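S.K.: My structure is stored as structure22.cif, with mmCIF, C-alpha atoms.
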data_upload
loop_
_atom_site.label_atom_id
_atom_site.label_comp_id
_atom_site.auth_asym_id
_atom_site.auth_seq_id
_atom_site.Cartn_x
_atom_site.Cartn_y
_atom_site.Cartn_z
CA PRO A 1 -28.45 -4.84 -8.55
CA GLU A 2 -25.06 -3.22 -9.19
CA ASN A 3 -25.01 0.56 -8.78
CA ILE A 4 -22.27 2.78 -10.22
CA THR A 5 -22.87 6.27 -8.79
CA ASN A 6 -19.99 8.06 -10.46
CA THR A 7 -17.53 7.59 -13.30
CA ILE A 8 -14.81 10.20 -13.51
CA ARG A 9 -11.74 10.57 -15.64
CA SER A 10 -8.76 12.87 -15.71
CA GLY A 11 -5.98 11.22 -17.70
CA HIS A 12 -5.26 7.50 -17.22
CA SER A 13 -5.58 6.87 -13.47
CA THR A 14 -3.10 4.38 -12.03
CA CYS A 15 -3.93 4.80 -8.34
CA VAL A 16 -6.57 6.41 -6.06
CA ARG A 17 -6.74 7.18 -2.32
CA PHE A 18 -9.42 8.96 -0.25
CA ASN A 19 -8.33 11.40 2.48
CA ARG A 20 -9.40 10.51 6.02
CA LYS A 21 -12.43 12.77 6.23
CA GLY A 22 -13.56 11.34 2.91
CA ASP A 23 -14.36 14.69 1.26
CA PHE A 24 -11.48 14.45 -1.24
CA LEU A 25 -10.00 11.78 -3.51
CA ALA A 26 -6.52 11.81 -4.94
CA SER A 27 -5.78 10.24 -8.30
CA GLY A 28 -2.36 9.55 -9.86
CA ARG A 29 -1.94 9.19 -13.62
CA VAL A 30 0.29 7.44 -16.12
CA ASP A 31 1.90 10.79 -16.97
CA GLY A 32 2.90 11.56 -13.36
CA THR A 33 0.16 14.11 -12.71
CA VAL A 34 -1.77 13.93 -9.43
CA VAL A 35 -5.41 15.04 -9.31
CA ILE A 36 -7.34 16.12 -6.22
CA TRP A 37 -11.11 15.57 -6.72
CA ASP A 38 -13.60 17.46 -4.57
CA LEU A 39 -16.14 14.69 -3.75
CA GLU A 40 -19.02 17.15 -3.19
CA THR A 41 -19.19 18.39 -6.86
CA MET A 42 -17.10 15.48 -8.19
CA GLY A 43 -14.91 17.99 -10.05
CA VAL A 44 -11.16 18.59 -10.06
CA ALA A 45 -9.97 20.86 -7.23
CA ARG A 46 -6.35 20.92 -8.29
CA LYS A 47 -3.77 19.27 -10.51
CA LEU A 48 -0.23 18.62 -9.18
CA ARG A 49 2.53 18.12 -11.75
CA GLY A 50 5.78 17.04 -10.16
CA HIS A 51 6.27 13.56 -11.53
CA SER A 52 6.66 12.49 -15.15
CA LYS A 53 6.15 8.70 -14.83
CA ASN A 54 3.37 6.46 -13.54
CA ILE A 55 2.23 7.31 -10.06
CA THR A 56 2.57 4.21 -7.88
CA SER A 57 1.25 5.35 -4.48
CA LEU A 58 -0.56 8.09 -2.60
CA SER A 59 -0.61 8.64 1.15
CA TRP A 60 -2.47 11.37 3.00
CA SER A 61 -1.46 13.08 6.22
CA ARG A 62 -3.69 12.66 9.29
CA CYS A 63 -4.92 16.23 8.85
CA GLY A 64 -5.64 16.09 5.11
CA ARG A 65 -3.26 18.99 4.48
CA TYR A 66 -0.37 16.96 2.98
CA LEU A 67 -0.21 14.24 0.32
CA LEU A 68 2.77 12.04 -0.40
CA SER A 69 3.02 10.74 -3.97
CA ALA A 70 5.50 8.30 -5.48
CA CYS A 71 6.24 7.30 -9.08
CA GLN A 72 8.06 4.80 -11.26
CA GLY A 73 10.41 7.65 -12.16
CA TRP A 74 12.21 7.20 -8.79
CA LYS A 75 10.68 10.19 -6.97
CA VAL A 76 8.66 10.86 -3.82
CA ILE A 77 7.03 14.29 -3.27
CA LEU A 78 5.22 15.78 -0.27
CA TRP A 79 2.58 18.22 -1.51
CA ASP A 80 1.12 21.00 0.63
CA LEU A 81 -2.53 21.10 -0.45
CA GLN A 82 -3.10 24.32 1.48
CA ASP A 83 -1.30 26.09 -1.44
CA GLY A 84 -0.55 23.35 -4.03
CA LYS A 85 3.15 23.62 -3.17
CA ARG A 86 5.83 20.97 -3.63
CA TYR A 87 6.68 21.05 0.09
CA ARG A 88 9.35 18.28 0.08
CA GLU A 89 10.90 16.14 -2.65
CA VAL A 90 13.11 13.02 -2.43
CA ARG A 91 14.74 11.26 -5.41
CA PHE A 92 15.89 7.64 -5.18
CA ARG A 93 17.93 5.45 -7.55
CA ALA A 94 15.07 3.09 -8.46
CA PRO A 95 11.31 3.01 -9.08
CA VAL A 96 9.22 3.37 -5.93
CA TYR A 97 6.83 0.47 -5.25
CA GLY A 98 5.12 2.73 -2.72
CA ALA A 99 5.74 5.26 0.01
CA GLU A 100 3.74 5.71 3.23
CA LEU A 101 3.60 8.67 5.61
CA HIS A 102 4.20 8.14 9.31
CA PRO A 103 0.63 8.07 10.74
CA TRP A 104 1.33 10.89 13.21
CA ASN A 105 4.07 12.91 11.51
CA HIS A 106 3.98 14.05 7.89
CA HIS A 107 7.78 14.67 8.12
CA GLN A 108 8.74 10.97 7.96
CA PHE A 109 7.94 8.32 5.39
CA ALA A 110 8.92 4.78 4.47
CA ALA A 111 9.36 3.54 0.91
CA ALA A 112 9.89 0.21 -0.84
CA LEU A 113 12.06 0.35 -3.98
CA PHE A 114 12.24 -1.86 -7.06
CA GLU A 115 15.36 -4.05 -6.77
CA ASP A 116 16.72 -1.71 -4.09
CA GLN A 117 16.84 -1.42 -0.30
CA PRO A 118 13.76 -0.07 1.54
CA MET A 119 14.19 3.36 3.09
CA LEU A 120 13.02 5.43 6.06
CA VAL A 121 13.38 9.12 5.18
CA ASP A 122 13.16 12.14 7.48
CA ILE A 123 11.86 15.13 5.54
CA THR A 124 11.45 17.56 8.45
CA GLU A 125 13.82 19.88 6.63
CA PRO A 126 14.65 20.47 3.01
CA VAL A 127 17.58 18.14 2.31
CA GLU A 128 16.23 14.90 3.73
CA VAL A 129 17.99 12.44 6.00
CA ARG A 130 17.69 8.89 4.69
CA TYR A 131 17.99 5.67 6.72
CA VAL A 132 18.44 2.24 5.13
CA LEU A 133 15.96 -0.28 6.34
CA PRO A 134 16.77 -4.00 6.61
CA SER A 135 15.24 -6.67 4.41
CA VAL A 136 16.76 -9.56 6.30
CA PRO A 137 17.89 -10.04 9.95
CA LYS A 138 21.53 -9.50 10.72
CA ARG A 139 23.69 -12.61 10.78
CA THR A 140 26.44 -12.98 13.37
CA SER A 141 30.08 -12.71 12.39
CA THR A 142 30.83 -16.31 13.42
CA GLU A 143 27.74 -18.23 12.24
CA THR A 144 28.95 -19.12 8.70
CA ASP A 145 32.18 -20.69 7.51
CA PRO A 146 34.17 -18.19 5.43
CA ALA A 147 34.05 -20.51 2.39
CA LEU A 148 30.21 -20.32 2.44
CA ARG A 149 29.79 -16.61 3.16
CA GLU A 150 29.76 -15.52 -0.50
CA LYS A 151 26.97 -17.91 -1.46
CA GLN A 152 24.96 -17.26 1.70
CA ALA A 153 25.19 -13.51 1.15
CA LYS A 154 24.05 -13.89 -2.48
CA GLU A 155 21.04 -15.88 -1.26
CA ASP A 156 20.14 -13.47 1.57
CA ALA A 157 20.25 -10.69 -1.02
CA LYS A 158 17.38 -12.26 -2.93
CA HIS A 159 15.11 -11.21 -0.06
CA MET A 160 13.92 -7.78 -1.17
CA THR A 161 11.23 -5.62 0.36
CA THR A 162 8.23 -4.93 -1.88
CA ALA A 163 5.62 -3.34 0.37
CA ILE A 164 5.75 -1.52 3.66
CA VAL A 165 3.28 0.17 6.03
CA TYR A 166 3.46 1.71 9.49
CA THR A 167 1.60 0.25 12.43
CA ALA A 168 -1.05 2.58 13.88
CA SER A 169 1.27 4.09 16.49
CA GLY A 170 4.10 4.58 14.05
CA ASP A 171 6.57 2.71 16.30
CA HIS A 172 6.90 -0.26 13.89
CA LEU A 173 6.89 -0.98 10.22
CA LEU A 174 5.33 -4.03 8.64
CA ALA A 175 7.06 -5.02 5.44
CA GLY A 176 6.58 -7.68 2.80
CA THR A 177 9.24 -9.31 0.69
CA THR A 178 9.89 -11.18 -2.54
CA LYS A 179 10.19 -14.38 -0.48
CA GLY A 180 6.67 -14.11 0.99
CA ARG A 181 7.82 -13.01 4.43
CA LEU A 182 6.22 -10.42 6.71
CA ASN A 183 8.92 -8.50 8.65
CA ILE A 184 8.14 -6.42 11.72
CA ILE A 185 10.68 -3.60 12.04
CA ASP A 186 11.24 -1.39 15.09
CA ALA A 187 11.10 2.06 13.53
CA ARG A 188 13.48 3.56 16.07
CA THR A 189 16.17 0.84 16.03
CA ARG A 190 15.51 -0.03 12.35
CA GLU A 191 16.09 -3.64 13.30
CA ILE A 192 13.85 -6.55 12.43
CA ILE A 193 12.25 -7.93 15.59
CA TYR A 194 10.08 -10.63 13.92
CA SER A 195 9.77 -12.35 10.58
CA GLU A 196 7.46 -15.09 9.35
CA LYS A 197 6.83 -16.67 5.95
CA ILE A 198 3.13 -16.03 5.27
CA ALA A 199 2.89 -16.50 1.50
CA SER A 200 4.39 -18.56 -1.31
CA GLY A 201 5.16 -15.73 -3.70
CA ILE A 202 6.04 -12.02 -3.80
CA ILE A 203 4.04 -9.89 -1.35
CA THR A 204 2.54 -7.05 -3.40
CA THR A 205 0.23 -5.18 -1.03
CA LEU A 206 -0.07 -4.59 2.69
CA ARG A 207 -2.90 -2.59 4.30
CA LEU A 208 -4.01 -2.11 7.89
CA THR A 209 -7.49 -1.45 9.24
CA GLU A 210 -8.14 1.92 10.90
CA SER A 211 -7.45 0.61 14.41
CA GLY A 212 -4.38 -1.17 13.06
CA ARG A 213 -5.56 -4.50 14.54
CA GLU A 214 -5.94 -6.43 11.27
CA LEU A 215 -3.61 -6.72 8.28
CA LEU A 216 -4.58 -7.54 4.70
CA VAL A 217 -1.93 -9.12 2.49
CA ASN A 218 -1.96 -9.71 -1.27
CA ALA A 219 0.69 -12.05 -2.62
CA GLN A 220 1.41 -13.79 -5.87
CA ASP A 221 0.23 -17.23 -4.74
CA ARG A 222 -3.43 -16.47 -5.64
CA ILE A 223 -4.44 -16.21 -1.99
CA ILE A 224 -5.56 -13.10 -0.10
CA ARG A 225 -4.97 -13.24 3.66
CA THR A 226 -5.96 -11.30 6.74
CA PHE A 227 -4.01 -11.50 9.97
CA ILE A 228 -4.53 -10.43 13.58
CA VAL A 229 -1.80 -7.89 14.36
CA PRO A 230 0.11 -8.48 17.61
CA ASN A 231 0.27 -6.25 20.64
CA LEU A 232 3.34 -4.21 19.68
CA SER A 233 3.33 -0.59 20.94
CA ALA A 234 2.75 -1.86 24.50
CA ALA A 235 5.51 -1.56 27.11
CA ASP A 236 5.54 -5.33 27.75
CA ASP A 237 8.73 -9.30 24.06
CA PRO A 238 9.54 -11.28 20.90
CA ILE A 239 5.08 -12.52 19.03
CA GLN A 240 2.54 -14.23 16.82
CA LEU A 241 0.83 -13.13 13.62
CA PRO A 242 -2.14 -15.48 13.44
CA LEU A 243 -3.96 -16.00 10.17
CA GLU A 244 -7.59 -14.90 10.24
CA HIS A 245 -9.02 -15.71 6.78
CA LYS A 246 -7.80 -16.90 3.38
CA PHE A 247 -9.74 -15.61 0.37
CA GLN A 248 -9.27 -17.35 -2.97
CA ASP A 249 -10.94 -18.89 -6.02
CA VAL A 250 -9.64 -22.46 -6.34
CA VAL A 251 -11.71 -23.63 -9.33
CA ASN A 252 -10.90 -20.63 -11.54
CA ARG A 253 -7.38 -20.21 -10.07
CA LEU A 254 -7.75 -16.43 -10.17
CA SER A 255 -4.88 -14.08 -9.33
CA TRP A 256 -5.63 -10.81 -7.54
CA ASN A 257 -4.41 -7.48 -8.76
CA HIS A 258 -5.14 -5.11 -5.84
CA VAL A 259 -7.03 -5.46 -2.57
CA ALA A 260 -8.69 -3.11 -0.07
CA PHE A 261 -10.46 -3.04 3.31
CA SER A 262 -13.80 -1.30 3.65
CA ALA A 263 -14.25 1.61 6.09
CA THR A 264 -14.93 -0.54 9.18
CA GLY A 265 -12.91 -3.49 8.00
CA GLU A 266 -16.04 -5.55 7.47
CA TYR A 267 -15.33 -6.29 3.80
CA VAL A 268 -12.28 -7.19 1.71
CA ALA A 269 -12.47 -6.32 -2.01
CA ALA A 270 -10.11 -7.32 -4.80
CA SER A 271 -9.67 -6.79 -8.53
CA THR A 272 -8.78 -9.77 -10.71
CA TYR A 273 -5.83 -10.19 -13.07
CA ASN A 274 -6.90 -10.75 -16.68
CA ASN A 275 -10.63 -10.54 -15.81
CA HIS A 276 -13.17 -7.78 -15.42
CA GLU A 277 -14.78 -8.67 -12.08
CA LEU A 278 -14.34 -7.29 -8.61
CA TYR A 279 -14.83 -9.68 -5.70
CA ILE A 280 -16.06 -8.69 -2.22
CA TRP A 281 -15.74 -11.01 0.80
CA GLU A 282 -16.85 -10.42 4.39
CA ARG A 283 -14.42 -10.92 7.28
CA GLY A 284 -17.01 -11.95 9.82
CA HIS A 285 -17.08 -15.46 8.38
CA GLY A 286 -14.79 -15.23 5.35
CA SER A 287 -17.57 -15.77 2.82
CA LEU A 288 -17.94 -14.22 -0.64
CA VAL A 289 -20.73 -11.62 -0.66
CA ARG A 290 -20.63 -10.01 -4.10
CA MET A 291 -19.04 -10.28 -7.50
CA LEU A 292 -19.19 -6.97 -9.42
CA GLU A 293 -19.06 -6.92 -13.22
CA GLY A 294 -19.46 -3.15 -13.73
CA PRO A 295 -18.03 -2.32 -17.14
CA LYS A 296 -16.24 -4.63 -19.46
CA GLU A 297 -12.69 -3.89 -18.42
CA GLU A 298 -9.95 -5.24 -16.25
CA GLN A 299 -9.67 -3.25 -12.99
CA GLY A 300 -6.48 -2.24 -11.18
CA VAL A 301 -6.14 -0.27 -7.96
CA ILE A 302 -9.24 -0.18 -5.76
CA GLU A 303 -10.05 1.85 -2.65
CA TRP A 304 -13.02 2.07 -0.32
CA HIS A 305 -14.40 5.36 1.04
CA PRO A 306 -13.38 5.89 4.73
CA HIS A 307 -16.94 6.42 6.00
CA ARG A 308 -19.45 5.17 3.45
CA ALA A 309 -20.05 1.93 1.52
CA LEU A 310 -18.47 3.22 -1.71
CA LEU A 311 -15.79 1.28 -3.64
CA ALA A 312 -13.71 3.11 -6.28
CA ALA A 313 -11.70 1.32 -8.96
CA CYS A 314 -9.25 2.29 -11.72
CA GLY A 315 -9.75 0.66 -15.10
CA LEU A 316 -6.53 -0.69 -16.60
CA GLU A 317 -7.67 -0.14 -20.20
CA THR A 318 -9.43 3.26 -20.04
CA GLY A 319 -8.00 4.69 -16.82
CA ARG A 320 -11.49 5.74 -15.75
CA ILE A 321 -12.44 5.74 -12.08
CA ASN A 322 -15.72 3.99 -11.34
CA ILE A 323 -17.38 4.25 -7.92
CA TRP A 324 -19.81 1.55 -6.84
CA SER A 325 -22.41 1.91 -4.11
CA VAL A 326 -22.08 -1.47 -2.32
CA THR A 327 -25.06 -2.86 -0.35
#
I need this file expressed as structure tokens, please.

M.R.:
Amino acid sequence: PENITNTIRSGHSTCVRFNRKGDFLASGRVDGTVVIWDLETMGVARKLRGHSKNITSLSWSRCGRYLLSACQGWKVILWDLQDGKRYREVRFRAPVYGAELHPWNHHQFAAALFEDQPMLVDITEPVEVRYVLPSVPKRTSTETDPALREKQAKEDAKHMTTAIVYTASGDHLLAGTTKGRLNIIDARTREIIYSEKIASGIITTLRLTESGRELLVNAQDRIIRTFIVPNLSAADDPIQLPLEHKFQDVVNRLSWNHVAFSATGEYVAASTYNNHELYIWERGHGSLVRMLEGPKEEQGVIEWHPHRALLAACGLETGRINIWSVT
């Protein structure tokens, strides 16, 4: 028995994200508005209008006081929800795939940009300080014949970063690229310390579990993957990123639109390109536990509640948010 406990709509939702206590849900819309829903009454607590193009990501501060939103219109904004204020604002030269707040410091974020270099931005003050982040390790000055340098550089430049998250401590960034690589970046040196090809297309989503010990990866090769994250923040060298499970549908050759971990990391959910279903697998043994049909529409971004077995999803056609109670 499928159970949809709530359907809400304010504009066409393109993204959703629960805060960490789970009493509030943020929604971003096609028109750039961001909506804060009070989950007790399921009504709108406030509307934030700072963007004018599709919201692409939402990231909450540890404390729930601040919310970082990004859009296709090249902008990232840090909202103060204590007063609804635009607390910080950073404009790039390209659409933002997504921007993530440092897990312990709402004054630093990392962003991945469409056809542009990924960025680490310090927003402690008003007039940010930006730092370019690397997509590819640095080659030595002597390793390539001069006659080959132009073509090698052109090829290296096809490696572009499409998704990025902080590790739990904030000391490293995990980034995905157009060439299916997972890069581990030291956030203080901004140098790549490890890189491994884990997929055979563009990496579109990265997400960590709460402890930061497991990584979920969506990529364009029709396969969802979880990995065991290495011991990084420890004082002890470059490192393995062992695959845990692959989740896929071989006979229907389904592609996955968005993916999400449940509160404890027990379940992985995904929405399906060009289909209406949501799929839920369990990470204990990798098996498929549920296929949800819900309404008759293709689903986009999905997000689990941080404490309870609730799965929210944005419809691509209607922009409604449906919330399933998952048993």

S.K.: Once the PyMOL selection byres ((chain A and resi 40-52) around 9) is applied to the coordinates I shared, what remains selected? I want it as JSON, numbers by chain.

M.R.: {"A": [6, 8, 10, 23, 24, 30, 31, 32, 33, 34, 35, 36, 37, 38, 39, 53, 54, 55, 69, 70, 71, 72, 73, 75, 76, 77, 79, 81, 84, 85, 86]}

S.K.: Given the file shown, enumerate the residues that the PyMOL selection byres ((chain A and resi 214-227) around 6) captures and present them as a short mmCIF file (atom, residue, chain, number, x, y, z; two decimals) with C-alpha atoms, in the coordinates of the input.

M.R.:
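The result, stored in out-v3.cif:
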data_model
loop_
_atom_site.label_atom_id
_atom_site.label_comp_id
_atom_site.auth_asym_id
_atom_site.auth_seq_id
_atom_site.Cartn_x
_atom_site.Cartn_y
_atom_site.Cartn_z
CA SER A 200 4.39 -18.56 -1.31
CA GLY A 201 5.16 -15.73 -3.70
CA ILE A 202 6.04 -12.02 -3.80
CA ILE A 203 4.04 -9.89 -1.35
CA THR A 204 2.54 -7.05 -3.40
CA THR A 205 0.23 -5.18 -1.03
CA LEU A 206 -0.07 -4.59 2.69
CA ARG A 207 -2.90 -2.59 4.30
CA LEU A 208 -4.01 -2.11 7.89
CA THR A 209 -7.49 -1.45 9.24
CA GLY A 212 -4.38 -1.17 13.06
CA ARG A 213 -5.56 -4.50 14.54
CA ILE A 228 -4.53 -10.43 13.58
CA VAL A 229 -1.80 -7.89 14.36
CA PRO A 242 -2.14 -15.48 13.44
CA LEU A 243 -3.96 -16.00 10.17
CA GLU A 244 -7.59 -14.90 10.24
CA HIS A 245 -9.02 -15.71 6.78
CA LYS A 246 -7.80 -16.90 3.38
CA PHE A 247 -9.74 -15.61 0.37
CA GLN A 248 -9.27 -17.35 -2.97
CA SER A 255 -4.88 -14.08 -9.33
#

S.K.: Decode the PyMOL selection byres ((chain A and resi 235-240) around 12) for the given file into explicit residues and return them as a list in words.

M.R.: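 Taken on the displayed file, the PyMOL selection byres ((chain A and resi 235-240) around 12) yields the residues residues 171, 182, 183, 184, 185, 186, 192, 193, 194, 195, 196, 197, 198, 227, 228, 229, 230, 231, 232, 233, 234, 241, 242 and 243 of chain A.
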
S.K.: So the first atom is CA of residue 275 (chain A) and the second is CA of residue 249 (chain A); what is the distance between them in Å, to one decimal place?

M.R.: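 It comes out at 12.9 Å.
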
S.K.: Could you list, with a cut-off of 10 Å and counting only C-alpha atoms, the residues of region 8-78 of chain A near region 304-310 of chain A, each shown with its nearest atom pair and the distance in Å rounded to one decimal, rows sorted by chain and ascending number, as JSON lines?

M.R.:
{"residue": "A:16", "atom": "CA", "partner": "A:304", "partner_atom": "CA", "distance": 9.7}
{"residue": "A:17", "atom": "CA", "partner": "A:304", "partner_atom": "CA", "distance": 8.3}
{"residue": "A:18", "atom": "CA", "partner": "A:305", "partner_atom": "CA", "distance": 6.3}
{"residue": "A:19", "atom": "CA", "partner": "A:306", "partner_atom": "CA", "distance": 7.8}
{"residue": "A:20", "atom": "CA", "partner": "A:306", "partner_atom": "CA", "distance": 6.2}
{"residue": "A:21", "atom": "CA", "partner": "A:306", "partner_atom": "CA", "distance": 7.1}
{"residue": "A:22", "atom": "CA", "partner": "A:306", "partner_atom": "CA", "distance": 5.7}
{"residue": "A:23", "atom": "CA", "partner": "A:305", "partner_atom": "CA", "distance": 9.3}
{"residue": "A:24", "atom": "CA", "partner": "A:305", "partner_atom": "CA", "distance": 9.8}
{"residue": "A:25", "atom": "CA", "partner": "A:305", "partner_atom": "CA", "distance": 9.0}

S.K.: Would you compute the distance between CA of residue 154 (chain A) and CA of residue 189 (chain A)? Give it in Å to one decimal.

M.R.: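 Interatomic distance here is 24.9 Å.
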